[PDB]
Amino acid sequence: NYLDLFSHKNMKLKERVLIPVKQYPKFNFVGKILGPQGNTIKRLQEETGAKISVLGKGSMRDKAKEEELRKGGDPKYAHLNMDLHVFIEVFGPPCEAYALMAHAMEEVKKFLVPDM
């Protein structure tokens, strides 16, 4: 496909960014990213223009609930077998979509490489 700088249709970008638990074994990535109340990831989404979701084994921080929901077989909880990760989905005008996503990646990198 072509990227048309003058187009009205928005193009999507999606990345599933692993959460580097092995590199930061004691770091509560999930707590940090979500926030009290889910407020952080709310602000994070508001600020970046992007849809950001923590998904995968670990995301609920409740081995029990996760087992139960995975086992229940509901497809919304399907993500629970994936590696813990952050799912960034921008949907924006072609001229701005890489800027959006790079922004979003920058912001997310702030939590995922937190000492850097």
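We number the residues from 1 along the sequence you see.
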Worksheet item: Higher mean Cα B-factor in the deposited model: 73-81 or 59-67?
Response: 59-67
Response to the item:
The stretch carrying the higher mean Cα B factor in the deposited entry, 2-10 or 105-113, is 2-10
Practice prompt. Determine, from the deposited record, the chain-internal third of the Cα B-factor for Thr40: lowest, middle or highest.
Written response: middle
Practice prompt. Going by the recorded CA B-factors, say which third of the chain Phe29 sits in, lowest, middle or highest.
Written response: lowest
Item to complete: Determine, from the deposited record, the chain-internal third of the Cα B-factor for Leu18: lowest, middle or highest.
Response: lowest
Discussion item. Quick check for you: using the entry's CA B-factors within this chain, is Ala97 in the lowest, middle or highest third?
Written reply: middle
